[PDB]
Amino acid sequence: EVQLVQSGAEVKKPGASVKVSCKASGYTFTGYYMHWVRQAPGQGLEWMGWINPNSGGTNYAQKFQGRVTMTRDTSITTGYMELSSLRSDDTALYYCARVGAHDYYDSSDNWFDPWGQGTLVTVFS
Amino acid sequence: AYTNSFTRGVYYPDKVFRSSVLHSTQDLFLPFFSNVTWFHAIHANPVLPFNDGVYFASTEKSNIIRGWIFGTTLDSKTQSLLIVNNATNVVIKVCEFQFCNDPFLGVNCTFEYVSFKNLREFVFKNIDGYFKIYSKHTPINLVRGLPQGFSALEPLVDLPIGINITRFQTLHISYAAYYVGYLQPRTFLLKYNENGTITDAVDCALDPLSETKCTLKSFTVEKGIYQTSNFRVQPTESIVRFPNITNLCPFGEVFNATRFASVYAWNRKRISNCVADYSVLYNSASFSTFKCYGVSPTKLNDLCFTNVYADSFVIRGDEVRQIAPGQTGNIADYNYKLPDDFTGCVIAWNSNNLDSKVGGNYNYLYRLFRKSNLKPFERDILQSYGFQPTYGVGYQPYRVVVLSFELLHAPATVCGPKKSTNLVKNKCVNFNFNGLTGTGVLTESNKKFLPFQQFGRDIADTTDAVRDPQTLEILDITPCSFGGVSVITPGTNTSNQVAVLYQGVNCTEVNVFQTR
Amino acid sequence: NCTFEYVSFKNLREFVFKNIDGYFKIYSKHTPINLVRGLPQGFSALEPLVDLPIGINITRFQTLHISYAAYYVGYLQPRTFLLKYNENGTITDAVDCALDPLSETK
Amino acid sequence: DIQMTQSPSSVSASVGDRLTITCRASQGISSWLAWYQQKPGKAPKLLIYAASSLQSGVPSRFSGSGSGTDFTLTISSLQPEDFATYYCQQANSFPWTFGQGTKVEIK
Ligand SMILES: *[C@@H]1O[C@H](CO)[C@@H](O[C@@H]2O[C@H](CO)[C@@H](O)[C@H](O)[C@H]2NC(C)=O)[C@H](O)[C@H]1NC(C)=O
Ligand SMILES: *[C@@H]1O[C@H](CO)[C@@H](O[C@@H]2O[C@H](CO)[C@@H](O)[C@H](O)[C@H]2NC(C)=O)[C@H](O)[C@H]1NC(C)=O
Ligand SMILES: *[C@@H]1O[C@H](CO)[C@@H](O)[C@H](O)[C@H]1NC(C)=O
Ligand SMILES: *[C@@H]1O[C@H](CO)[C@@H](O)[C@H](O)[C@H]1NC(C)=O
Ligand SMILES: *[C@@H]1O[C@H](CO)[C@@H](O)[C@H](O)[C@H]1NC(C)=O
Ligand SMILES: *[C@@H]1O[C@H](CO)[C@@H](O)[C@H](O)[C@H]1NC(C)=O
Ligand SMILES: *[C@@H]1O[C@H](CO)[C@@H](O)[C@H](O)[C@H]1NC(C)=O
Ligand SMILES: *[C@@H]1O[C@H](CO)[C@@H](O)[C@H](O)[C@H]1NC(C)=O
Ligand SMILES: *[C@@H]1O[C@H](CO)[C@@H](O)[C@H](O)[C@H]1NC(C)=O
Ligand SMILES: *[C@@H]1O[C@H](CO)[C@@H](O)[C@H](O)[C@H]1NC(C)=O
Ligand SMILES: *[C@@H]1O[C@H](CO)[C@@H](O)[C@H](O)[C@H]1NC(C)=O
C-alpha cells in the first residue's frame with residue numbers, strides 16, 4: 001500500500017516553531033514530489049509548497065516564504081515541514097500529499113494522491 | 001421591396017456658404033440610383049443595419065411615423081438615442097431605455113431636449129463620435145412611391161454623443177412607408193445657386209458622363225474627347241515560388257537518432273549550408289515540451305541565420321523545466337547552461353520506451369558536483385540516472401533537443417524553405433520568385449537563359465523574365481494591362497450618350513470596336 | 001572542427017576568388033588552348049559556379065601541385081567596366097573605363 | 001494567483017438525486033482541474049482529474065466536465081456515504097489553489 005503517515009498533533013506557543021514529519025512507504029520515495037497543504041478552522045484548503053526529494057529543491061507559497069522549511073531524509077523516506085514564528089492563525093490541520101509531476105495534467109500521478117492523515121497544530125500558550 | 005433612389009440623399013457637407021460655383025467634395029453620400037429597401041405600414045418595423053450611415057425618408061398624410069431609435073441592443077443595457085415627436089413637442093433622449101418587444105406609440109440619462117402630402121427625408125451618420133442629422137421637408141402629391149426630383153438636406157442637429165450605433169428601428173403611431181439607404185465614400189460635384197442652395201449634383205462614379213462632368217468641374221460638357229480616369233487591371237492571386245528540393249537539412253538524424261548522449265556530455269550538431277525545413281517540428285505532434293525563447297516558431301521558416309546549433313541529451317521530467325534561460329539546478333548549473341539572452345527553441349518528448357530497461361538503464365549519466373557553475377554552452381566531461389519502465393513521469397527519461405540560432409556579421413547560409421504554390425499563366429498575378437516580387441502576366445518564352453542566370457532585365461533595368469525555380473523554363477513578365485479612359489461625347493446640349501475609349505488596351509480585360 | 005564538406009598546353013582554367021561581406025565567390029571558365037609559352041590573348045568571361053557563405057577572413061593563399069604547370073596571380077580593383085552582352089546573354093567584350101581616354105569616351 | 005469560485009457553498013439532496021456542483025476559475029486553465037472529496041475526519045481524496053478523468057477505484061457516479069473557466073462536478077445518483085465537502089483545485093499555475101468547498105448534506 002502507498003501511504004503517508006504523519007507525526008502526532010502538537011501545541012506550540014506563539015513565536016515558536018513546529019516540525020511535522022511525513023513518513024512515506026510503498027512507493028519509490030525519490031520519484032514523487034511531497035507537497036504540504038493546510039486546513040484552517042474555516043475548512044478552506046491552502047497550498048504551502050513542495051519539496052523535490054530527488055534534487056532537494058523546494059518551492060514555497062509566497063505567504064509562507066521566509067517562515068517555512070521543507071526537508072527530507074531519503075534514507076528513512078520521510079519528509080518534514082517546519083513552520084517558524086507561529087501565530088494564532090497558524091492553528092490548522094497540516095497535510096502532506098504525494099504528487100508525481102508538475103507538467104502533464106493528463107496523468108493521475110500528477111495530482112494530490114494520496115494524502116497523509118493530517119497533523120493538528122494548535123498555537124497557544 | 002426596392003425602389004429607385006434617383007437623386008435623393010444629397011446634404012450640405014459643411015456649414016460654408018457658396019454661390020455661383022460648382023464645388024467638388026468627397027464625403028459619405030447616398031449613391032445615385034442605388035436600391036433602398038421599401039417598407040410598408042398598412043394592414044412592419046424591423047431592425048436594420050446602420051453600417052457607415054443611413055439615409056431615411058418617409059411619406060406622410062396622418063403623421064404615423066413619430067420617432068426613431070438608434071443603438072446596438074435596444075434593451076436598456078446600453079445607451080440608445082430616442083427621438084419622439086408627439087403633436088407639437090419634439091423630444092430627444094439618449095437614456096438607456098427599456099423598450100418593448102415591438103415598440104410603438106398609441107393614438108442613467110446623459111442628455112435631454114424638448115422643443116401622401118409631406119415627404120420627410122433624413123440622413124444619420126456618425127463621424128468621430130458626432131451624430132449628425134440632416135433633413136428637408138417638402139410638400140408632395142404622390143402615394144405610390146418616392147417623388148422623383150432633387151432636394152438638398154440642410155443640417156439641423158449635431159449631438160456629440162460618442163455612441164457606437166450599429167442598428168436602428170422606426171416608430172409607428174397605431175390607432176406610412178419609409179426607405180432605408182446606405183452612404184458610401186463617393187465624390188460629388190455640388191451646384192450652389194446664387195442663394196447658396198444646392199440645386200443639382202453629379203455623382204462622380206455613376207457613369208462615364210458623370211466622370212467627365214466632374215473632371216471638367218461643369219454640368220455642361222462640350223463636344224470632344226476627355227480623359228477622366230486611369231484603367232488598371234488588378235491582380236487576382238499571389239504566386240509564391242521556391243525550389244522544390246534545393247537542399248534539405250539533416251534534422252532527422254538529430255531527432256530520430258538511434259542513441260543519445262548524457263546531459264553532462266551533451267552532443268552538438270552544426271547546421272550549415274542547407275535550407276532549414278522546420279515543418280518536422282510542426283507536423284510531428286509527438287513532442288511533450290515545446291518552448292521557444294527570443295524567436296517565434298511560426299516566423300521561423302522565413303528568417304535567415306548565420307549558423308544553427310542542435311544540442312541533444314537525455315534528462316528526466318523534473319529536469320526538463322531547467323533547460324531554459326534563467327534556470328537553476330543540477331542540470332542548468334553543472335550539465336547544460338543556457339545564456340540569459342538565449343535565442344532559440346527547446347524541444348523534449350517522453351522517451352521512456354527507448355531509454356529504459358527492465359533492470360534500469362544506467363548508461364545516461366549526469367554531473368553531480370562541480371566547483372563552479374558552467375558558463376553558457378559549456379560542455380564539461382558523475383552520477384548515473386538509471387531509468388525504469390515503472391518510474392514516475394518526473395523520473396522517466398526525456399530526449400531533449402535545443403536549437404539555438406546565432407546571427408553574426410557574416411553571411412547567413414541557413415534560412416528556411418517556404419511553401420510553394422501553383423503557377424498560373426496568362427493572368428495578372430502577384431509573383432515571388434526566389435524573393436523577387438512584382439505584379440505582371442507570366443507567359444511562356446523562348447529566351448535561352450544560361451545555366452547560371454536566374455533573372456532577366458530590359459534596357460530600363462526592370463525585370464523582363466524569370467526562370468521558374470522548380471521547372472527550368474523561362475517565363476516572360478509582362479506588367480498587367482494599364483492605360484487611360486477617355487470619354488467621347490457630343491455636347492450635353494444634344495445628347496447624354498457617350499462612348500468610352502480605353503487607351504492602349506485589348507478588348508479583353510475590359511457593340512465593341514477594336515482600334516489601334 | 002569542420003563546418004562544411006562537399007564532394008562531387010591544352011586547357012586553360014581561369015578563376016576569380018573574392019570575399020564580399022563574408023561570401024566567398026568563385027568564378028571560372030574552361031577553354032581549349034594551343035599555347036605553352038604564355039597566356040593566350042583573347043577575351044572570355046567567367047561565369048559564377050559556387051558561392052560559399054563562409055565568413056572567413058582570407059588574406060593569403062597557396063597553390064597545390066601534383067608531383068610524380070604555370071599559374072598567374074592578379075588583383076582586383078574597384079574599376080568601372082562596360083560589359084557587352086550578346087543575343088544569348090554571353091559577355092563577348094568589355095571596356096575598362098580607366099584604361100585610356102578612348103575607353104573613357106566609349 | 002488563480003481564484004477558484006465554487007457554488008453552491010452547501011446543498012441538501014436526497015438519496016438518488018442528481019447533484020451538480022460548479023467551479024469557476026478567474027482565468028483560463030484549460031483542463032488543469034481536479035475534484036476532491038473530504039469525508040468527516042478524513043483527508044481529501046482525489047475523485048476527478050484533468051477536468052473529466054475518473055480516478056481509479058472511485059465510484060463512477062462521480063463525474064466531471066468543463067474546460068477553460070467553467071467546471072462541473074456531477075453526482076449522478078447520490079448515496080448516503082457521499083455526505084462530504086467537495087473541493088475543486090487548479091494545477092495550471094503555482095500557487096495551486098482550491099475552491100472554498102461545497103458541503104453536501106442528505107435529506
Ligand atoms: C466603439 O467602437 C470602438 C471601435 O470598435 C471601440 O474602440 C475599441 O476600444 C477597445 C478598448 O477601449 C480597444 O481594445 C479596441 O481596439 C478599440 N477598437 C479599435 C478598432 O481600435 C470603442 O471602445 C467603442 N465604444 C464603446 C463604448 O463600446
Ligand atoms: C574579420 O575581420 C574583421 C575586420 O578586420 C574583424 O572585425 C573586427 O572585430 C573586432 C571584434 O570582433 C572589432 O574590435 C574590430 O573593430 C573589427 N574590425 C573592424 C574593421 O571593425 C572580424 O572580427 C574578423 N573575424 C575573425 C574571425 O577574426
Ligand atoms: C435595383 O433593383 C432594380 C429593380 O428593383 C434593378 O433593376 C436594379 O438593377 C437594381 N440595382 C442594382 C445595382 O442591381
Ligand atoms: C411627448 O413625449 C415626451 C417624452 O416621453 C413626454 O414627456 C410628453 O409628455 C409627451 N407629450 C407631449 C405633449 O409633450
Ligand atoms: C451610465 O452610462 C455611462 C455611459 O457613458 C456609463 O459609463 C456608466 O457606467 C453608466 N452608469 C450606470 C449606473 O449604468
Ligand atoms: C434668392 O432669394 C430671393 C428672395 O430672397 C429670390 O427672389 C431669388 O429668386 C432667389 N434666387 C434663386 C436663384 O431662386
Ligand atoms: C524538382 O522538380 C523537378 C521538376 O519535376 C524534378 O525534375 C526534380 O527532380 C525535383 N527535385 C528533386 C530533388 O526531386
Ligand atoms: C451644341 O453646342 C455645339 C458647340 O460645340 C454647337 O455646335 C451645336 O450647334 C449646339 N447645338 C444646339 C442644339 O444648341
Ligand atoms: C487581342 O486579343 C486577341 C485574342 O484574345 C488577339 O487575337 C489579338 O491579336 C489581340 N490584340 C492585341 C493588339 O493584343
Ligand atoms: C571551431 O571553429 C569555430 C569557427 O567558427 C570556432 O568558433 C570554434 O571555437 C572552433 N572550435 C574548436 C574546438 O576549435
Ligand atoms: C546563341 O545560341 C544559338 C544556339 O543555341 C546559336 O545558334 C547562336 O549563334 C548563338 N548566338 C550567338 C550570338 O552566337
# chains A, B, ... in the order shown; residues from 1 in each chain; ligands from 1

call {"tool": "residues_around", "arguments": {"residues": "residue 75 of chain C", "least_positions_apart": "5", "cutoff": "10 Å", "atoms": "only C-alpha atoms", "output": "ChimeraX atom specification"}}
result
/C:16-18

call {"tool": "select_by_dssp", "arguments": {"residues": "segment 88-266 of chain B", "states": "helix (DSSP H, G or I)", "output": "list in words"}}
result
residues 208, 209, 210, 211, 212, 213, 214, 215, 216, 252, 253, 254 and 255 of chain B

call {"tool": "atom_distance", "arguments": {"atom1": "atom CA of residue 458 of chain B", "atom2": "atom 12 (C, counted along the ligand's line) of ligand 9"}}
result
21.4 Å

call {"tool": "closest_residue", "arguments": {"among": "A:27, A:32, A:115, A:95", "to": "chain B", "atoms": "only C-alpha atoms"}}
result
A:32

call {"tool": "atom_distance", "arguments": {"atom1": "atom CA of residue 239 of chain B", "atom2": "atom CA of residue 423 of chain B"}}
result
6.3 Å

call {"tool": "residues_near_ligand", "arguments": {"ligand": "ligand 8", "cutoff": "7 Å", "atoms": "only C-alpha atoms and all ligand atoms", "output": "ChimeraX atom specification"}}
result
/B:222-223,491,493-494

call {"tool": "residues_near_ligand", "arguments": {"ligand": "ligand 10", "cutoff": "10 Å", "atoms": "only C-alpha atoms and all ligand atoms", "output": "compact mmCIF listing (two decimals) with N, CA and C atoms, in the first residue's frame"}}
result
# COMPACT_ATOMS: atom_id res chain seq x y z
N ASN B 307 24.35 30.55 -38.39
CA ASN B 307 24.53 29.15 -38.04
C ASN B 307 23.42 28.73 -37.08
N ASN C 1 37.22 20.09 -36.46
CA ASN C 1 36.34 21.24 -36.28
C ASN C 1 35.92 21.75 -37.66
N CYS C 2 35.38 20.84 -38.47
CA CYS C 2 34.94 21.15 -39.82
C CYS C 2 33.51 21.70 -39.80
N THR C 3 33.27 22.73 -40.61
CA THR C 3 31.95 23.34 -40.70
C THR C 3 31.30 23.17 -42.07
N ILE C 54 31.05 31.46 -46.07
CA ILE C 54 31.93 31.02 -45.00
C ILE C 54 32.20 32.12 -43.98
N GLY C 55 32.27 33.38 -44.41
CA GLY C 55 32.52 34.46 -43.47
C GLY C 55 33.92 34.45 -42.90
N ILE C 56 34.88 33.89 -43.65
CA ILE C 56 36.25 33.73 -43.20
C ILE C 56 37.11 34.86 -43.76

call {"tool": "interface_residues", "arguments": {"of": "chain B", "to": "chain A", "cutoff": "8 Å", "atoms": "only C-alpha atoms", "output": "list in words"}}
result
residues 317, 318, 330, 391, 392, 393, 394 and 395 of chain B

call {"tool": "closest_atom_pairs", "arguments": {"of": "chain B", "to": "ligand 11", "cutoff": "12 Å", "atoms": "only C-alpha atoms and all ligand atoms", "output": "tab-separated table"}}
result
residue	atom	partner	partner_atom_place_in_ligand_line	distance
B:446	CA	ligand 11	5 (O)	10.8
B:447	CA	ligand 11	5 (O)	10.0
B:448	CA	ligand 11	5 (O)	7.2
B:449	CA	ligand 11	5 (O)	10.0
B:450	CA	ligand 11	2 (O)	10.1

call {"tool": "residues_around", "arguments": {"residues": "segment 33-47 of chain C", "least_positions_apart": "2", "cutoff": "9 Å", "atoms": "only C-alpha atoms", "output": "list in words"}}
result
residues 452 of chain B; 9, 10, 11, 12, 14, 15, 16, 26, 27, 28, 29, 30, 31, 49, 70, 72, 90, 91, 92, 93 and 94 of chain C

call {"tool": "residues_near_ligand", "arguments": {"ligand": "ligand 2", "cutoff": "12 Å", "atoms": "only C-alpha atoms and all ligand atoms", "output": "NGL selection string"}}
result
(:B and (408-410)) or (:C and (19-22 or 54-59))

call {"tool": "write_last_selection", "arguments": {"atoms": "N, CA and C atoms", "output": "CSV table (one decimal), in the first residue's frame"}}
result
chain,number,residue,atom,x,y,z
B,408,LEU,N,25.5,36.7,-36.8
B,408,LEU,CA,26.7,37.5,-36.7
B,408,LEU,C,26.9,38.4,-37.9
B,409,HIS,N,27.9,39.2,-38.0
B,409,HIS,CA,28.2,40.0,-39.1
B,409,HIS,C,28.9,39.2,-40.2
B,410,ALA,N,28.2,38.1,-40.6
B,410,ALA,CA,28.7,37.2,-41.6
B,410,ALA,C,27.6,36.7,-42.5
C,19,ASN,N,35.9,37.9,-51.7
C,19,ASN,CA,35.1,37.8,-50.5
C,19,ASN,C,34.4,39.1,-50.3
C,20,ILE,N,33.1,39.1,-50.4
C,20,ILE,CA,32.2,40.3,-50.2
C,20,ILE,C,31.3,40.0,-49.1
C,21,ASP,N,31.4,40.7,-48.0
C,21,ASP,CA,30.5,40.6,-46.8
C,21,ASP,C,30.4,39.1,-46.3
C,22,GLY,N,31.6,38.4,-46.3
C,22,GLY,CA,31.6,37.1,-45.9
C,22,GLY,C,31.3,36.0,-46.9
C,54,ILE,N,31.0,31.5,-46.1
C,54,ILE,CA,31.9,31.0,-45.0
C,54,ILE,C,32.2,32.1,-44.0
C,55,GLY,N,32.3,33.4,-44.4
C,55,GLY,CA,32.5,34.5,-43.5
C,55,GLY,C,33.9,34.4,-42.9
C,56,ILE,N,34.9,33.9,-43.6
C,56,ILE,CA,36.3,33.7,-43.2
C,56,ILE,C,37.1,34.9,-43.8
C,57,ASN,N,37.9,35.5,-42.9
C,57,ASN,CA,38.9,36.5,-43.3
C,57,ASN,C,40.1,35.8,-44.0
C,58,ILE,N,40.1,36.0,-45.3
C,58,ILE,CA,41.2,35.3,-46.1
C,58,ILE,C,42.1,36.4,-46.6
C,59,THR,N,43.4,36.2,-46.2
C,59,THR,CA,44.5,37.2,-46.6
C,59,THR,C,45.6,36.6,-47.3

call {"tool": "residues_near_ligand", "arguments": {"ligand": "ligand 9", "cutoff": "10 Å", "atoms": "only C-alpha atoms and all ligand atoms", "output": "list in words"}}
result
residues 504, 505, 506, 507, 508, 509, 514, 515 and 516 of chain B

call {"tool": "write_last_selection", "arguments": {"atoms": "N, CA and C atoms", "output": "PDB file, in the first residue's frame"}}
result
ATOM      1  N   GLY B 504      -4.802  52.094 -75.367  1.00  0.00           N
ATOM      2  CA  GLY B 504      -3.696  51.136 -75.453  1.00  0.00           C
ATOM      3  C   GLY B 504      -3.987  49.828 -74.721  1.00  0.00           C
ATOM      4  N   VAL B 505      -5.213  49.323 -74.862  1.00  0.00           N
ATOM      5  CA  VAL B 505      -5.557  48.020 -74.313  1.00  0.00           C
ATOM      6  C   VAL B 505      -6.265  47.206 -75.388  1.00  0.00           C
ATOM      7  N   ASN B 506      -6.312  45.900 -75.161  1.00  0.00           N
ATOM      8  CA  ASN B 506      -7.084  44.991 -75.991  1.00  0.00           C
ATOM      9  C   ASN B 506      -8.507  44.927 -75.455  1.00  0.00           C
ATOM     10  N   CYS B 507      -9.455  44.586 -76.329  1.00  0.00           N
ATOM     11  CA  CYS B 507     -10.846  44.436 -75.898  1.00  0.00           C
ATOM     12  C   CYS B 507     -11.053  43.072 -75.234  1.00  0.00           C
ATOM     13  N   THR B 508     -10.276  42.841 -74.176  1.00  0.00           N
ATOM     14  CA  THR B 508     -10.304  41.578 -73.452  1.00  0.00           C
ATOM     15  C   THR B 508     -10.522  41.818 -71.964  1.00  0.00           C
ATOM     16  N   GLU B 509      -9.524  42.425 -71.315  1.00  0.00           N
ATOM     17  CA  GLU B 509      -9.598  42.685 -69.879  1.00  0.00           C
ATOM     18  C   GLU B 509     -10.774  43.575 -69.509  1.00  0.00           C
ATOM     19  N   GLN B 514     -12.528  47.440 -81.874  1.00  0.00           N
ATOM     20  CA  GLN B 514     -11.100  47.450 -81.588  1.00  0.00           C
ATOM     21  C   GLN B 514     -10.377  48.329 -82.603  1.00  0.00           C
ATOM     22  N   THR B 515      -9.649  49.328 -82.109  1.00  0.00           N
ATOM     23  CA  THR B 515      -8.868  50.230 -82.944  1.00  0.00           C
ATOM     24  C   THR B 515      -7.429  50.236 -82.447  1.00  0.00           C
ATOM     25  N   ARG B 516      -6.548  50.885 -83.209  1.00  0.00           N
ATOM     26  CA  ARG B 516      -5.158  50.999 -82.786  1.00  0.00           C
ATOM     27  C   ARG B 516      -4.952  52.067 -81.723  1.00  0.00           C
TER      28      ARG B 516
END

call {"tool": "residues_around", "arguments": {"residues": "residue 45 of chain D", "least_positions_apart": "4", "cutoff": "8 Å", "atoms": "only C-alpha atoms", "output": "JSON, numbers by chain"}}
result
{"A": [113, 114, 115], "D": [36, 37, 38]}

call {"tool": "write_last_selection", "arguments": {"atoms": "N, CA, C and O atoms", "output": "PDB file, in the first residue's frame"}}
result
ATOM      1  N   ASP A 113      -2.229  12.806  -4.411  1.00  0.00           N
ATOM      2  CA  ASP A 113      -2.679  11.440  -4.172  1.00  0.00           C
ATOM      3  C   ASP A 113      -1.497  10.534  -3.828  1.00  0.00           C
ATOM      4  O   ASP A 113      -0.534  10.452  -4.604  1.00  0.00           O
ATOM      5  N   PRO A 114      -1.510   9.865  -2.660  1.00  0.00           N
ATOM      6  CA  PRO A 114      -2.514  10.046  -1.606  1.00  0.00           C
ATOM      7  C   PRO A 114      -2.178  11.209  -0.681  1.00  0.00           C
ATOM      8  O   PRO A 114      -1.213  11.930  -0.926  1.00  0.00           O
ATOM      9  N   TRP A 115      -2.973  11.384   0.373  1.00  0.00           N
ATOM     10  CA  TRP A 115      -2.705  12.376   1.406  1.00  0.00           C
ATOM     11  C   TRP A 115      -2.359  11.674   2.711  1.00  0.00           C
ATOM     12  O   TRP A 115      -2.841  10.570   2.980  1.00  0.00           O
TER      13      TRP A 115
ATOM     14  N   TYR D  36     -11.826  16.938  -5.394  1.00  0.00           N
ATOM     15  CA  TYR D  36     -11.532  16.124  -4.219  1.00  0.00           C
ATOM     16  C   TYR D  36     -12.766  16.002  -3.339  1.00  0.00           C
ATOM     17  O   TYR D  36     -13.606  16.909  -3.286  1.00  0.00           O
ATOM     18  N   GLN D  37     -12.857  14.875  -2.634  1.00  0.00           N
ATOM     19  CA  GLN D  37     -13.897  14.632  -1.642  1.00  0.00           C
ATOM     20  C   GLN D  37     -13.247  14.547  -0.269  1.00  0.00           C
ATOM     21  O   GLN D  37     -12.278  13.806  -0.085  1.00  0.00           O
ATOM     22  N   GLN D  38     -13.775  15.296   0.693  1.00  0.00           N
ATOM     23  CA  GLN D  38     -13.299  15.206   2.073  1.00  0.00           C
ATOM     24  C   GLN D  38     -14.452  14.763   2.960  1.00  0.00           C
ATOM     25  O   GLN D  38     -15.361  15.551   3.253  1.00  0.00           O
TER      26      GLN D  38
END

call {"tool": "residues_near_ligand", "arguments": {"ligand": "ligand 1", "cutoff": "9 Å", "atoms": "only C-alpha atoms and all ligand atoms", "output": "PDB file with N, CA, C and O atoms, in the first residue's frame"}}
result
ATOM      1  N   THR B  78     -27.493  49.327 -22.970  1.00  0.00           N
ATOM      2  CA  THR B  78     -26.570  50.320 -23.492  1.00  0.00           C
ATOM      3  C   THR B  78     -27.339  51.602 -23.772  1.00  0.00           C
ATOM      4  O   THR B  78     -28.568  51.649 -23.673  1.00  0.00           O
ATOM      5  N   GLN B  79     -26.603  52.653 -24.120  1.00  0.00           N
ATOM      6  CA  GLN B  79     -27.231  53.921 -24.452  1.00  0.00           C
ATOM      7  C   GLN B  79     -27.809  53.854 -25.856  1.00  0.00           C
ATOM      8  O   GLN B  79     -27.174  53.345 -26.783  1.00  0.00           O
ATOM      9  N   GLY B 129     -17.610  60.250 -33.389  1.00  0.00           N
ATOM     10  CA  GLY B 129     -18.453  60.402 -32.224  1.00  0.00           C
ATOM     11  C   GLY B 129     -19.563  61.426 -32.334  1.00  0.00           C
ATOM     12  O   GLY B 129     -20.351  61.559 -31.389  1.00  0.00           O
ATOM     13  N   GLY B 162     -20.949  60.328 -29.072  1.00  0.00           N
ATOM     14  CA  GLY B 162     -19.850  59.383 -28.999  1.00  0.00           C
ATOM     15  C   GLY B 162     -20.304  57.950 -28.831  1.00  0.00           C
ATOM     16  O   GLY B 162     -19.560  57.129 -28.285  1.00  0.00           O
ATOM     17  N   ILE B 163     -21.509  57.631 -29.292  1.00  0.00           N
ATOM     18  CA  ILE B 163     -22.116  56.314 -29.121  1.00  0.00           C
ATOM     19  C   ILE B 163     -21.925  55.499 -30.389  1.00  0.00           C
ATOM     20  O   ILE B 163     -22.147  55.998 -31.501  1.00  0.00           O
ATOM     21  N   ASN B 164     -21.514  54.241 -30.227  1.00  0.00           N
ATOM     22  CA  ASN B 164     -21.357  53.323 -31.351  1.00  0.00           C
ATOM     23  C   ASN B 164     -22.731  52.804 -31.752  1.00  0.00           C
ATOM     24  O   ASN B 164     -23.319  51.975 -31.047  1.00  0.00           O
ATOM     25  N   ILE B 165     -23.252  53.294 -32.871  1.00  0.00           N
ATOM     26  CA  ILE B 165     -24.587  52.950 -33.344  1.00  0.00           C
ATOM     27  C   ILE B 165     -24.438  51.996 -34.521  1.00  0.00           C
ATOM     28  O   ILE B 165     -23.780  52.323 -35.518  1.00  0.00           O
TER      29      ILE B 165
END

call {"tool": "residues_near_ligand", "arguments": {"ligand": "ligand 5", "cutoff": "12 Å", "atoms": "only C-alpha atoms and all ligand atoms", "output": "compact mmCIF listing (two decimals) with N, CA and C atoms, in the first residue's frame"}}
result
# COMPACT_ATOMS: atom_id res chain seq x y z
N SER B 76 -32.15 48.42 -22.79
CA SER B 76 -31.74 49.08 -21.55
C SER B 76 -30.34 48.71 -21.09
N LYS B 77 -29.60 47.92 -21.86
CA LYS B 77 -28.24 47.54 -21.47
C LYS B 77 -27.19 48.53 -21.95
N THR B 78 -27.49 49.33 -22.97
CA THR B 78 -26.57 50.32 -23.49
C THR B 78 -27.34 51.60 -23.77
N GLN B 79 -26.60 52.65 -24.12
CA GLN B 79 -27.23 53.92 -24.45
C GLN B 79 -27.81 53.85 -25.86
N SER B 80 -29.03 54.37 -26.01
CA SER B 80 -29.73 54.33 -27.29
C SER B 80 -30.42 55.65 -27.53
N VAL B 94 -31.26 60.26 -24.82
CA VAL B 94 -30.24 59.24 -25.05
C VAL B 94 -30.16 58.31 -23.84
N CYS B 95 -31.29 58.09 -23.18
CA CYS B 95 -31.29 57.27 -21.98
C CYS B 95 -31.14 55.80 -22.35
N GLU B 96 -30.83 54.98 -21.34
CA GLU B 96 -30.79 53.53 -21.52
C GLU B 96 -32.21 52.96 -21.36
N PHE B 97 -33.04 53.25 -22.35
CA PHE B 97 -34.46 52.93 -22.26
C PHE B 97 -34.69 51.43 -22.36
N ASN B 108 -30.02 56.65 -16.09
CA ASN B 108 -28.64 56.97 -16.44
C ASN B 108 -28.64 57.78 -17.74
N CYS B 109 -29.42 58.86 -17.74
CA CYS B 109 -29.54 59.73 -18.90
C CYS B 109 -28.43 60.77 -18.91
N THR B 110 -27.87 61.02 -20.10
CA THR B 110 -26.80 61.99 -20.26
C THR B 110 -27.20 63.19 -21.11
N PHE B 111 -28.42 63.22 -21.65
CA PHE B 111 -28.87 64.32 -22.48
C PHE B 111 -30.38 64.25 -22.61
N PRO B 160 -22.97 65.50 -29.88
CA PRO B 160 -21.67 64.87 -29.60
C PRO B 160 -21.79 63.70 -28.62
N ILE B 161 -22.52 62.67 -29.03
CA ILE B 161 -22.83 61.58 -28.10
C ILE B 161 -21.68 60.58 -27.99
N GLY B 162 -20.95 60.33 -29.07
CA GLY B 162 -19.85 59.38 -29.00
C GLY B 162 -20.30 57.95 -28.83
N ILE B 163 -21.51 57.63 -29.29
CA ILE B 163 -22.12 56.31 -29.12
C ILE B 163 -21.92 55.50 -30.39
N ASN B 164 -21.51 54.24 -30.23
CA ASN B 164 -21.36 53.32 -31.35
C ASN B 164 -22.73 52.80 -31.75
